[PDB]
Amino acid sequence: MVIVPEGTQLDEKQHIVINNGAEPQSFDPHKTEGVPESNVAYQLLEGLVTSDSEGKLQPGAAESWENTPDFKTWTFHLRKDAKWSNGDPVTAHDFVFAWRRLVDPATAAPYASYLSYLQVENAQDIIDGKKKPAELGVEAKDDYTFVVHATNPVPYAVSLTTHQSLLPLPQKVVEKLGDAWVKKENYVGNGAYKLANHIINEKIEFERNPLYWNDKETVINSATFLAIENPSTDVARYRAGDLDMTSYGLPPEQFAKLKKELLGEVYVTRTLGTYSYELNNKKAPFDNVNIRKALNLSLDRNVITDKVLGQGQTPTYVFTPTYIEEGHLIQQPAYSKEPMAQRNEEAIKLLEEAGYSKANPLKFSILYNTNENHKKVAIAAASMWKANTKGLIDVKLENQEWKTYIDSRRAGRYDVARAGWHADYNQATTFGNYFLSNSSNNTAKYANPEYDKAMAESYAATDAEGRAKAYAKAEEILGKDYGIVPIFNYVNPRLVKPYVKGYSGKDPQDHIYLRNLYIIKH
Amino acid sequence: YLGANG
């Protein structure tokens with residue numbers, strides 16, 4: 001109804017097929033940290049606030065909310081008639097239950113730190129085993145009023161609440177079934193869809209959740225998510241007419257021709273994302289700053305963005321995208337403005353000083369998730385690091401399936417890993433928070449108490465300028481330590497069939513909510 | 001969020 005322009009002739013079936021790119025780790029939002037996982041979670045569950053086709057915030061499970069003028073108390077007014085898919089009522093108790101479970105050490109959640117980022121009273125103490133989960137600073141004031149108590153001002157709090165990690169869970173179900181609640185037979189959610197089927201490595205089928213509070217505005221009746229790893233295979237299925245929307249990678253070598261032949265089907269979203277090679281800071285020899293610096297100097301970003309990809313990705317030398325809100329004072333480092341000849345000279349010296357030569361080069365593997373585009377970037381990186389250092393680096397490639405790749409990065413079983421970080425919310429700390437010493441997201445094992453202190457100063461600021469200065473200083477410190485190898489800021493290219501509507505190409509987080517889409521007839 | 005693609 002409302003999302004559909006008047007007069008628009010809708011197709012009768014309303015089925016859509018989307019490539020989700022990989023088999024998700026889990027459908028439990030406390031056990032996951034990836035885009036494939038969040039894409040599934042967002043169809044089955046809905047948090048306090050959610051977003052439209054352009055990423056603008058809109059009421060979710062909460063119909064209204066407010067904050068105290070100090071930005072420390074956040075009150076959410078929940079819908080009195082909203083239900084779980086089994087008929088249970090959705091209440092503030094479910095949010096209290098879910099947010100406690102997220103920080104509870106027993107959950108071992110990859111995103112435990114998220115409530116620490118939000119500065120929720122006692123979140124960090126709970127993660128650290130010093131306080132019980134019941135001591136977390138959130139409460140059901142009554143069944144339909146959920147209150148969040150932050151120890152520091154967090155003016156961007158509402159945007160943080162759209163993240164998968166803060167989705168509610170059906171307390172009554174999870175308390176009874178444990179971790180097994182996530183099985184298809186048991187899953188209960190408050191989102192627009194429910195799980196109709198799941199075949200590992202093949203497909204996830206979604207069906208309408210008729211008990212969704214806003215089911216009357218949902219148009220798509222059913223959807224399939226595929227798990228096609230390689231952009232070229234994604235495009236081949238699309239052109240065979242067997243899927244309707246690709247994942248957010250397209251083959252660089254096909255890109256020009258696809259724009260020519262598929263007019264109005266090629267979308268490119270400019271997103272708040274950074275593609276990096278993460279260095280394992282606690283594994284020899286990347287514990288050596290001199291070697292981390294050599295790798296940064298000797299990698300020519302323009303080769304990757306202009307010659308390997310060429311889809312609008314832009315080179316970067318910092319973790320935070322500088323165009324994110326409050327990111328504007330972050331500076332690209334000085335070396336980024338030196339000619340490659342100078343950079344390569346400096347890198348070779350550093351590597352010789354560290355005992356490498358053509359006969360005894362620095363050897364390591366780039367770990368990446370199986371994907372032909374990542375392979376291309378890794379080959380170009382391998383090739384550049386060898387030639388630019390005159391044979392002093394010799395790089396192997398190792399691809400793993402998504403789930404294995406995530407496990408390997410979290411377990412520290414890597415030298416150098418391909419890493420993409422997409423904003424959890426449209427403000428700088430979604431990047432800055434990543435490299436805090438104690439962040440559950442910090443798989444790099446980067447730890448500088450001076451980085452942590454610079455970030456901490458942001459909460460003492462009283463305005464966006466004060467915050468932006470603190471974030472600039474944090475990034476400067478991360479830059480001087482060469483903690484990682486930033487490569488580019490993302491663009492998200494997709495093919496979308498012309499009968500698919502409600503995909504904007506303008507959402508800086510490029511979410512796809514099935515409830516935002518519709519299939520037209522003509 | 002960790003990104004699958006690029």
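Definitions and cut-offs
- Keep in mind that residues are numbered from 1 along each chain as the sequence reads, not by the entry's scheme, and that residues without coordinates are left out.
- Labels follow written order: the first chain is A, the first ligand is 1, and so on.
- Only hydrogens and water are set aside when side-chain values are computed; all heavy atoms of the structure are taken into account.
- Residues with missing side-chain atoms are left out of burial classes, side-chain pairs and their counts.
- UniProt positions are given in the numbering used here, feature names are shortened, and annotations may be inferred rather than shown by experiment.
- Burial classification: accessible surface area is computed with a 1.4 Å probe over protein chains only, and a residue below 20% of its type maximum counts as buried, one above 50% as exposed, and the rest as partly exposed.
- Numbering of helices and strands runs from the N terminus, with a helix taken as a DSSP run of H or I at least four residues long and a strand as a DSSP run of E at least two residues long.
- A pair of strands is treated as paired once DSSP finds two or more bridges between them.
- Contact definition: two residues touch when any of their heavy atoms are within 4.5 Å.
- As a working definition, buried area equals the accessible area (1.4 Å probe) given up by two parts on being put together, with both sides summed.
- Basic side-chain nitrogens of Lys or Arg form a salt bridge, by our definition, when they fall within 4 Å of a carboxyl oxygen of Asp or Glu.
- Nitrogen and oxygen atoms within 3.5 Å of one another constitute a polar contact, given that in protein one can donate a hydrogen and the other can accept it, and given that sequence-neighbouring residues count only through two side-chain atoms.
- The convention used is that axes are lines fitted to C-alpha atoms, helices contributing only their stretch in contact, and that angles between N-to-C directions extend from 0 to 180 degrees.
- The cut-offs work like this: below 35 degrees is roughly parallel, past 145 is roughly antiparallel, 65 to 115 is roughly perpendicular, and the gaps in between are oblique.
- Working convention for charge: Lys and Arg count positive, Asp and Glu count negative, and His plus the chain ends are omitted.
- Note: the arc covers the axis-to-C-beta directions of the helix.
- Segmentation into domains, and thus their bounds, comes from an automatic or database assignment.

For this deposited structure, the header cites X-ray crystallography as the method used and 1.9000 Å as the resolution.

Going by what the PDB entry lists, chain A is known as Periplasmic oligopeptide-binding protein and is assigned to Haemophilus influenzae. Regarding chain A, the UniProt comment filed under Subcellular location (unreviewed entry) reads as follows: "Cell envelope".

Residues and elements named next belong to chain A. Where burial is concerned, most of strand 1 (residues 15–19) is hidden: four out of the five residues are buried. Summarising the sheet, strand 1 and strand 10 (residues 222–226) pair through five bridges and their orientation is parallel. Across the sheet, the residue bridging to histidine 15 is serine 222, located in strand 10.

Residue-level contacts link six residues of chain B with 30 residues of chain A. Summing both sides of the interface, chain B and chain A together bury roughly 1,400 Å²; the carbon and sulfur share of this comes to 53%. Looking only at chain B, the three residues that lose the most surface to chain A are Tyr1, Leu2 and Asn5 of chain B, adding up to 68% of its buried area. Taken together, the connections running from chain B to chain A amount to zero salt bridges. Joining chain B to chain A, the criterion identifies 17 residue pairs in polar contact.

In this section: the packing of helix 15 (residues 449–457) of chain A against helix 16 (residues 464–480) of chain A. Residues and elements named next belong to chain A. Where helix 15 contacts helix 16, the two axes come as close as 7 Å, and the packing angle between them is 170°. Here helix 15 lies roughly antiparallel to helix 16, going by the angle between them. Contacts between helix 15 and helix 16 involve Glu450, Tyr451, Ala454, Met455 and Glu457 on the former and, on the latter, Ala470, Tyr471, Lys473, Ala474, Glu475, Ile477 and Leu478.

This part is about the sheet that holds strand 13 (residues 362–369) of chain A. All names here are of chain A. Ordered in space as 12-16-11-15-13-14, the six strands form an open sheet in which the pairing is mixed. Bordering the open sheet on either side are strand 12 (314–315) and strand 14 (393–400), each of which pairs with just one other strand. One ladder, built from 10 bridges, connects strand 11 (residues 266–279) with strand 16 (residues 484–495); its direction is antiparallel. Pairing of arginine 270 across the sheet is with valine 491, part of strand 16.

Residue and element names in this part refer to chain A. With respect to the helices, strands and loops of the structure, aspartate 300 is situated in the loop between helix 9 (289–298) and helix 10 (301–309). One buried charged residue, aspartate 300, remains without a salt bridge, the closest side chain of opposite sign being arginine 343 at 5.4 Å. Engagement of the side chain of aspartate 300 in a polar contact is seen with the backbone nitrogen of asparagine 302, the distance being 3.1 Å. Excluding residues that lie within four positions of it along the chain, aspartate 300 makes contacts with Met340, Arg343 and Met384.

A word on helix 15 of chain A. Three- or four-residue spacings in an α-helix give side chains the same orientation, since the helix completes a turn every 3.6 residues. Residue and element names in this part refer to chain A. Where helix 15 is concerned, the buried positions are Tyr451, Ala454 and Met455. Down the axis, helix 15 shows its buried residues gathered within 95° of arc, on one side only. Tucked inside the fold, the buried residues of helix 15 contact helix 14 (429–432) and helix 16. Regarding helix 15, its N-cap is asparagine 448, as a side-chain oxygen of that residue lies 2.8 Å from the backbone nitrogen of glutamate 450 further along.

Attention now moves to the domain arrangement of chain A. Residue and element names in this part refer to chain A. Under the domain assignment used here, chain A contains domain 1 (1–45 + 171–272 + 492–522), domain 2 (46–170) and domain 3 (273–491). Summarising the inter-unit geometry, the C-alpha centres of domain 1 and domain 2 are found 25 Å apart. Buried surface at the junction of domain 1 and domain 2, summed over both partners, amounts to about 3,200 Å²; 51% is from carbon and sulfur atoms. Three residues stand out in domain 1 for area buried against domain 2, namely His30, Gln171 and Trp213, and they jointly supply 24% of the buried area on that side. Across the contact surface, domain 1 and domain 2 share three salt bridges. Applying the counting rule to domain 1 against domain 2 returns 22 residue pairs in polar contact.

A few words on the environment of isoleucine 220 of chain A. Residues and elements named next belong to chain A. Mapped onto the secondary structure, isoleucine 220 falls in the loop between strand 9 (203–208) and strand 10. Of the residues examined, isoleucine 220 reaches a relative accessible area of 0% and is grouped as buried. Between the alpha carbons of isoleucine 220 and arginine 515 there is a distance of 6.6 Å; along the sequence they are 295 residues apart.

What follows concerns the pattern of salt bridges. All names here are of chain A. Tallied over the entire structure, the rule returns 20 salt bridges over all chains. Note that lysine 203 is salt-bridged to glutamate 205, the shortest N-O span being 3.9 Å. The partly exposed category is assigned to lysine 203, whose relative accessible area is 25%. Between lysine 283 and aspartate 415 there is a salt bridge, and its shortest N-O distance comes to 2.8 Å. Residue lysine 283 is located in the loop between strand 11 and helix 9, and its partner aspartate 415 is located in the loop between helix 13 (402–410) and strand 15 (416–422); the two are separated by 132 residues in the primary sequence. Assessed through its relative accessible area of 34%, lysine 283 is described here as partly exposed. The class for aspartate 415 is buried, based on a relative accessible area of 17%. The network of salt bridges with shared partners includes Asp28, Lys31, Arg101 and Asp179.

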